[PDB]
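Coming up is one lone chain in structure tokens, specifically the form solved without its partner chain.
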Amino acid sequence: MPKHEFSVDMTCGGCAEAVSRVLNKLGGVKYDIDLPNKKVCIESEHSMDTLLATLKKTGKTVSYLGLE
């Protein structure tokens, strides 16, 4: 299980729903949303690529920065 970080731009609270729902839709991913700092962090065994490809489809500023 790695950890990863992503910047987001929660331009409405519902952005968090959008991202949450898209990750959830992928399957069994522990994602964790920070609205004030405008980030998502994820720590689940779904491959980074798979996630980063999936979540992409939201077409928001959900940008990738971190591997741990």
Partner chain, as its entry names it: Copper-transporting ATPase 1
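Numbering follows the first chain given and starts at 1.
Although it is not shown, the form solved in complex with its partner chain is what the next lines describe.
Quiz item: Should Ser47 be counted as a contact of its partner chain in the bound PDB entry, where contact means heavy atoms within 4.5 Å?
Solution: The answer is no: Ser47 has no heavy atom within 4.5 Å of its partner chain.
Practice problem: State yes or no: in the bound PDB entry, is some non-hydrogen atom of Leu52 no more than 4.5 angstroms from a non-hydrogen atom of its partner chain? | Solution: Flag for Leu52 set to no.
Quiz item: From first to last in sequence, which residues of 49 to 68 have any non-hydrogen atom within 4.5 angstroms of its partner chain in the bound PDB entry?
Solution: In sequence order, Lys57, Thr58, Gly59, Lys60 come within 4.5 Å of the partner.
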